[PDB]
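Here is how the chains run, residue by residue.
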Amino acid sequence: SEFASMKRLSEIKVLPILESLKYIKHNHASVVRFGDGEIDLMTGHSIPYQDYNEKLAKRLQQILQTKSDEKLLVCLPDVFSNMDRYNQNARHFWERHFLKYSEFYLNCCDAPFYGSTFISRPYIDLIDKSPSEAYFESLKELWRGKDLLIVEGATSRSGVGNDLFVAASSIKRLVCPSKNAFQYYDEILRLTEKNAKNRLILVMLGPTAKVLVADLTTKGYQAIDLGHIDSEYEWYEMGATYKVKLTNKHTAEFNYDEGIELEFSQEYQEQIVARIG
Ligand SMILES: O=c1ccn([C@@H]2O[C@H](COP(=O)(O)OP(=O)(O)O)[C@@H](O)[C@H]2O)c(=O)[nH]1
(Lines give C-alpha, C1' and ligand atoms only; values in the text may rest on other atoms or scores of the structure.)
Protein backbone atom coordinates (compact mmCIF):
# COMPACT_ATOMS: atom_id res chain seq x y z
CA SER A 1 0.00 0.00 0.00
CA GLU A 2 1.57 3.25 -1.19
CA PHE A 3 -0.89 5.13 0.98
CA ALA A 4 0.48 3.28 4.04
CA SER A 5 3.94 4.55 3.14
CA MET A 6 2.64 8.12 2.84
CA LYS A 7 1.21 7.89 6.35
CA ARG A 8 4.39 6.37 7.76
CA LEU A 9 6.54 9.11 6.23
CA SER A 10 4.39 11.79 7.92
CA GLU A 11 6.38 10.84 11.02
CA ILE A 12 9.16 13.00 9.59
CA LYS A 13 8.96 16.41 11.24
CA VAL A 14 9.98 19.52 9.28
CA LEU A 15 9.96 23.06 10.67
CA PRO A 16 8.09 25.13 8.04
CA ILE A 17 9.84 28.11 6.42
CA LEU A 18 9.20 30.79 9.06
CA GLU A 19 9.98 28.39 11.89
CA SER A 20 13.21 27.29 10.21
CA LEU A 21 14.21 30.93 9.91
CA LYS A 22 13.69 31.46 13.65
CA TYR A 23 15.92 28.46 14.36
CA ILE A 24 18.63 29.82 12.06
CA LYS A 25 18.63 33.34 13.51
CA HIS A 26 18.42 32.20 17.12
CA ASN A 27 21.39 29.83 16.72
CA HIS A 28 23.42 31.60 14.03
CA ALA A 29 23.24 28.20 12.35
CA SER A 30 24.59 27.06 8.99
CA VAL A 31 21.90 25.56 6.79
CA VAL A 32 22.10 22.61 4.41
CA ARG A 33 19.06 21.61 2.36
CA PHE A 34 18.23 18.25 0.79
CA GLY A 35 15.87 18.28 -2.17
CA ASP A 36 14.83 15.79 -4.81
CA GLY A 37 18.07 16.12 -6.77
CA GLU A 38 20.14 15.24 -3.71
CA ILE A 39 18.17 12.06 -3.16
CA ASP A 40 18.48 11.29 -6.89
CA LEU A 41 22.25 11.67 -6.64
CA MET A 42 22.59 9.75 -3.37
CA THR A 43 20.74 6.81 -4.93
CA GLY A 44 22.83 6.76 -8.10
CA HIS A 45 21.21 9.14 -10.61
CA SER A 46 22.49 12.11 -12.55
CA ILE A 47 20.49 15.36 -12.36
CA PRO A 48 20.27 18.28 -14.84
CA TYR A 49 23.14 20.38 -13.42
CA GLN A 50 25.20 17.66 -11.73
CA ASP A 51 26.37 14.31 -13.09
CA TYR A 52 26.45 11.39 -10.68
CA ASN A 53 29.70 11.26 -8.71
CA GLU A 54 30.44 8.59 -6.12
CA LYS A 55 32.39 10.83 -3.74
CA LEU A 56 29.62 13.43 -3.86
CA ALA A 57 26.95 10.80 -3.19
CA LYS A 58 28.91 9.51 -0.20
CA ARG A 59 29.42 13.00 1.26
CA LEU A 60 25.74 13.85 0.81
CA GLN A 61 24.79 10.69 2.71
CA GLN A 62 27.17 11.54 5.54
CA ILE A 63 25.81 15.07 5.78
CA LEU A 64 22.19 13.90 5.94
CA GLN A 65 23.19 11.70 8.91
CA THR A 66 24.33 14.77 10.85
CA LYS A 67 21.94 15.82 13.60
CA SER A 68 20.64 19.39 13.44
CA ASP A 69 22.06 21.45 16.29
CA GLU A 70 23.29 24.92 17.20
CA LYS A 71 25.79 24.94 14.36
CA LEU A 72 23.88 23.36 11.48
CA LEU A 73 20.23 22.96 10.46
CA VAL A 74 19.72 20.00 8.10
CA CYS A 75 16.62 20.39 5.91
CA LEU A 76 14.22 18.13 4.01
CA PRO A 77 11.36 18.93 1.62
CA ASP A 78 8.38 20.16 3.70
CA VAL A 79 5.95 17.69 2.12
CA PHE A 80 5.48 14.97 4.72
CA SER A 81 2.60 16.74 6.42
CA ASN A 82 0.09 19.37 5.27
CA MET A 83 0.71 18.66 1.61
CA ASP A 84 -2.49 20.67 0.89
CA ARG A 85 -0.43 23.88 1.07
CA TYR A 86 0.88 23.13 -2.41
CA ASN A 87 -0.64 23.14 -5.87
CA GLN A 88 -1.82 19.92 -7.49
CA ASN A 89 1.25 19.50 -9.71
CA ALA A 90 3.63 19.94 -6.77
CA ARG A 91 1.69 17.54 -4.54
CA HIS A 92 1.82 14.84 -7.21
CA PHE A 93 5.51 15.41 -7.88
CA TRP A 94 6.47 15.10 -4.22
CA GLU A 95 4.31 12.10 -3.41
CA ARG A 96 5.74 10.23 -6.42
CA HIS A 97 9.19 11.28 -5.24
CA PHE A 98 8.99 10.08 -1.65
CA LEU A 99 7.18 6.90 -2.71
CA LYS A 100 9.89 6.12 -5.26
CA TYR A 101 12.37 6.66 -2.40
CA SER A 102 10.45 4.75 0.24
CA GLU A 103 13.52 2.58 0.81
CA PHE A 104 15.60 5.73 1.28
CA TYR A 105 13.23 7.98 3.23
CA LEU A 106 12.19 5.18 5.58
CA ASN A 107 15.76 4.61 6.75
CA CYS A 108 17.60 7.89 6.13
CA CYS A 109 15.82 10.36 8.32
CA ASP A 110 15.03 9.56 11.96
CA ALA A 111 16.36 12.79 13.47
CA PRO A 112 13.92 14.46 15.89
CA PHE A 113 13.34 17.38 13.49
CA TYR A 114 14.56 18.88 10.22
CA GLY A 115 14.51 22.35 8.75
CA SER A 116 12.61 23.09 5.55
CA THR A 117 14.32 22.71 2.22
CA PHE A 118 11.74 25.22 1.02
CA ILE A 119 13.36 28.19 2.77
CA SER A 120 14.69 28.82 -0.76
CA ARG A 121 11.31 28.07 -2.34
CA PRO A 122 8.81 30.36 -0.65
CA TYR A 123 6.34 31.27 -3.39
CA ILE A 124 5.67 29.54 -6.67
CA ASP A 125 4.23 26.18 -5.56
CA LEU A 126 2.00 27.61 -2.83
CA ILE A 127 -1.76 27.78 -3.22
CA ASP A 128 -2.00 30.74 -0.84
CA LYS A 129 0.80 33.15 -1.69
CA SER A 130 -0.18 35.62 1.06
CA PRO A 131 2.56 34.62 3.57
CA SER A 132 5.22 35.01 0.85
CA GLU A 133 5.94 38.66 1.60
CA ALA A 134 6.50 37.74 5.27
CA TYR A 135 8.69 34.84 4.15
CA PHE A 136 10.96 37.04 2.04
CA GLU A 137 11.10 39.78 4.64
CA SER A 138 12.21 37.22 7.25
CA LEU A 139 14.77 35.80 4.83
CA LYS A 140 16.14 39.30 4.18
CA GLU A 141 16.82 39.78 7.90
CA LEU A 142 19.50 37.10 7.53
CA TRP A 143 21.71 39.45 5.55
CA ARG A 144 20.58 42.97 6.46
CA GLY A 145 23.75 44.79 7.52
CA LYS A 146 26.02 41.82 6.78
CA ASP A 147 29.07 41.55 4.59
CA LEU A 148 28.30 38.67 2.23
CA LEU A 149 30.29 36.07 0.39
CA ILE A 150 28.00 34.56 -2.26
CA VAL A 151 29.23 31.32 -3.81
CA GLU A 152 27.09 30.59 -6.86
CA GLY A 153 27.19 29.53 -10.51
CA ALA A 154 27.93 31.61 -13.60
CA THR A 155 24.23 31.85 -14.51
CA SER A 156 22.81 32.10 -10.95
CA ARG A 157 23.28 35.87 -10.71
CA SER A 158 21.48 35.88 -7.35
CA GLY A 159 19.97 39.28 -6.62
CA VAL A 160 21.23 40.72 -9.92
CA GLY A 161 18.65 43.09 -11.34
CA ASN A 162 16.53 42.98 -8.19
CA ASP A 163 16.65 44.32 -4.61
CA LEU A 164 16.99 41.00 -2.75
CA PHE A 165 20.39 41.86 -1.25
CA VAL A 166 20.13 45.64 -1.26
CA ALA A 167 20.58 45.94 2.52
CA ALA A 168 23.73 43.80 2.66
CA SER A 169 26.68 46.00 3.62
CA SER A 170 28.81 44.47 0.88
CA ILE A 171 28.84 41.55 -1.51
CA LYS A 172 31.75 39.50 -2.83
CA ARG A 173 31.06 36.60 -5.23
CA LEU A 174 32.97 33.43 -6.01
CA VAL A 175 31.52 32.48 -9.38
CA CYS A 176 31.63 28.76 -10.13
CA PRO A 177 30.49 26.47 -12.96
CA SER A 178 26.74 26.53 -13.62
CA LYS A 179 26.77 22.73 -13.94
CA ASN A 180 29.04 20.00 -12.57
CA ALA A 181 30.58 22.32 -10.00
CA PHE A 182 31.61 19.34 -7.87
CA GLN A 183 34.48 18.70 -10.29
CA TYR A 184 36.13 21.82 -8.91
CA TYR A 185 35.13 21.21 -5.32
CA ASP A 186 38.54 21.43 -3.66
CA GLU A 187 39.28 24.79 -5.32
CA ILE A 188 35.82 26.11 -4.48
CA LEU A 189 36.28 25.25 -0.80
CA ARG A 190 39.83 26.63 -0.78
CA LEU A 191 38.83 29.99 -2.26
CA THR A 192 35.66 30.23 -0.18
CA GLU A 193 37.70 29.95 3.03
CA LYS A 194 40.17 32.52 1.74
CA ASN A 195 37.42 35.03 1.05
CA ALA A 196 35.14 34.34 4.00
CA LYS A 197 36.85 36.33 6.76
CA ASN A 198 34.19 38.37 8.59
CA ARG A 199 31.52 37.40 6.04
CA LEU A 200 28.25 35.50 6.11
CA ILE A 201 28.45 32.90 3.35
CA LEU A 202 25.46 32.23 1.08
CA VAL A 203 25.66 29.29 -1.31
CA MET A 204 23.57 28.71 -4.45
CA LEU A 205 25.28 25.75 -6.04
CA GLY A 206 23.12 22.62 -6.30
CA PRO A 207 24.43 19.41 -4.67
CA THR A 208 27.91 20.92 -4.39
CA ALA A 209 26.48 23.57 -2.05
CA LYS A 210 25.57 20.93 0.55
CA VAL A 211 29.15 19.65 0.84
CA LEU A 212 30.52 23.19 0.86
CA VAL A 213 28.19 24.25 3.69
CA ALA A 214 29.07 21.12 5.68
CA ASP A 215 32.83 21.52 5.24
CA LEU A 216 32.69 25.25 6.02
CA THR A 217 30.64 24.55 9.15
CA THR A 218 33.23 22.06 10.33
CA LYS A 219 35.82 24.82 9.91
CA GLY A 220 33.64 27.12 11.99
CA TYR A 221 31.84 29.29 9.43
CA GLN A 222 28.16 30.11 9.17
CA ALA A 223 27.14 29.18 5.63
CA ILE A 224 23.59 29.16 4.33
CA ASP A 225 22.44 27.02 1.41
CA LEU A 226 19.95 29.29 -0.43
CA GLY A 227 19.69 27.49 -3.76
CA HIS A 228 17.03 28.91 -6.08
CA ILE A 229 15.96 31.82 -3.87
CA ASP A 230 16.56 34.32 -6.69
CA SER A 231 14.12 32.62 -9.06
CA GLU A 232 11.39 32.52 -6.44
CA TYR A 233 12.00 36.17 -5.56
CA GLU A 234 11.82 37.14 -9.23
CA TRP A 235 8.55 35.24 -9.66
CA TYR A 236 7.25 36.84 -6.44
CA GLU A 237 8.16 40.38 -7.48
CA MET A 238 6.30 39.96 -10.78
CA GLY A 239 3.29 38.24 -9.22
CA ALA A 240 3.79 35.19 -11.42
CA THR A 241 1.23 32.38 -11.26
CA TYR A 242 3.46 29.82 -12.99
CA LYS A 243 7.19 29.21 -13.50
CA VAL A 244 7.92 31.78 -16.20
CA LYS A 245 11.36 31.69 -17.77
CA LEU A 246 13.71 34.56 -16.95
CA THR A 247 15.67 35.83 -19.92
CA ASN A 248 18.73 37.34 -18.27
CA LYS A 249 19.86 34.53 -15.96
CA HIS A 250 19.24 30.97 -14.78
CA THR A 251 15.63 30.07 -13.91
CA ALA A 252 14.76 27.29 -11.43
CA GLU A 253 13.58 24.10 -13.21
CA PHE A 254 14.80 25.34 -16.57
CA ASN A 255 18.09 23.75 -15.60
CA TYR A 256 19.64 23.23 -19.06
CA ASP A 257 20.26 26.99 -19.06
CA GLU A 258 19.16 27.46 -22.67
CA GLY A 259 17.99 30.72 -24.24
CA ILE A 260 19.75 32.97 -21.73
CA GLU A 261 20.59 36.51 -22.87
CA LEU A 262 23.19 37.72 -20.41
CA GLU A 263 23.83 41.32 -19.62
CA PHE A 264 26.94 43.03 -18.37
CA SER A 265 25.97 44.34 -14.96
CA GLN A 266 28.85 46.50 -13.76
CA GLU A 267 27.80 46.24 -10.11
CA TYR A 268 27.73 42.44 -10.38
CA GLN A 269 31.12 42.35 -12.14
CA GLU A 270 32.70 44.48 -9.43
CA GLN A 271 31.48 42.01 -6.78
CA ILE A 272 33.18 39.04 -8.42
CA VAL A 273 36.36 38.09 -6.59
CA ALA A 274 37.21 35.08 -8.76
CA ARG A 275 35.82 32.63 -11.29
CA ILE A 276 36.30 28.90 -10.99
CA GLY A 277 36.07 26.58 -13.98
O1 LIG B 1 26.81 22.75 -10.46
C2 LIG B 1 25.96 23.60 -10.18
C3 LIG B 1 24.71 23.22 -9.71
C4 LIG B 1 23.74 24.20 -9.52
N5 LIG B 1 24.07 25.53 -9.56
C6 LIG B 1 23.12 26.57 -9.16
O7 LIG B 1 22.55 26.15 -7.93
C8 LIG B 1 21.34 26.87 -7.72
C9 LIG B 1 20.22 25.94 -7.28
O10 LIG B 1 20.64 25.20 -6.13
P11 LIG B 1 19.71 24.10 -5.44
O12 LIG B 1 19.59 22.92 -6.34
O13 LIG B 1 20.29 23.83 -4.10
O14 LIG B 1 18.35 24.93 -5.37
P15 LIG B 1 16.91 24.58 -4.72
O16 LIG B 1 15.94 24.32 -5.83
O17 LIG B 1 16.96 23.40 -3.82
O18 LIG B 1 16.51 25.80 -4.00
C19 LIG B 1 21.04 27.59 -9.03
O20 LIG B 1 21.44 28.95 -8.89
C21 LIG B 1 21.93 26.88 -10.04
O22 LIG B 1 22.32 27.73 -11.09
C23 LIG B 1 25.31 25.90 -10.03
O24 LIG B 1 25.57 27.09 -10.19
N25 LIG B 1 26.24 24.94 -10.35
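Residues numbered from 1 in each chain as written, not as in the entry; some residues may be left out. Heavy atoms only, no water.

Method of structure determination, per the deposited record: X-ray crystallography was used for this entry, reaching 1.66 Å resolution.

**Student:** I keep staring at the packing of helix α8 (residues 185-195) against helix α9 (residues 206-218) and nothing clicks. Help me out?
**Tutor:** For the pair α8 and α9, interaxial distance at closest approach is 11 Å and the crossing angle is 45°. Classified by the angle their axes make, α8 and α9 are oblique. The two elements α8 and α9 meet at a crossing, and its hand is right-handed. In contact with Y185, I188, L189, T192 and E193 of α8, α9 contributes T208, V211, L212, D215 and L216. Its residues assigned to classes, the contact of α8 with α9 comprises six nonpolar, two polar and two charged. (Axes fitted to C-alpha atoms, helices over the stretch in contact; angles between N-to-C directions. Helix = DSSP H or I, 4+ residues; strand = E, 2+ residues; numbered from the N terminus. Parallel < 35°, antiparallel > 145°, perpendicular 65-115°, else oblique. Left-handed = near helix turned anticlockwise from the far one by under 90°. Contact = heavy atoms within 4.5 Å. Nonpolar A, V, L, I, M, F, W, Y, C, P; charged D, E, K, R; others polar.)

**Student:** Mind showing me how you'd approach the pattern of salt bridges here?
**Tutor:** One side chain can pair with another of opposite charge once the charged atoms of both are near each other. For the structure shown, the criterion picks out 15 salt bridges. Between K249 and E234 there is a salt bridge whose closest N-O contact spans 3.0 Å. On the criterion of sequence distance, the pair formed by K249 in the loop between α10 (229-237) and α11 (266-271) and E234 in helix α10 is long-range, its members being 15 residues apart. Across this residue pair, the class does not change: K249 and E234 are buried. Among the charged side chains, a network of salt bridges with common partners joins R121, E232, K243 and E253. (Salt bridge = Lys/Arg side-chain N within 4 Å of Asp/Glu carboxyl O. Buried < 20%, exposed > 50% of the residue type's maximum accessible area, 1.4 Å probe, protein only.)

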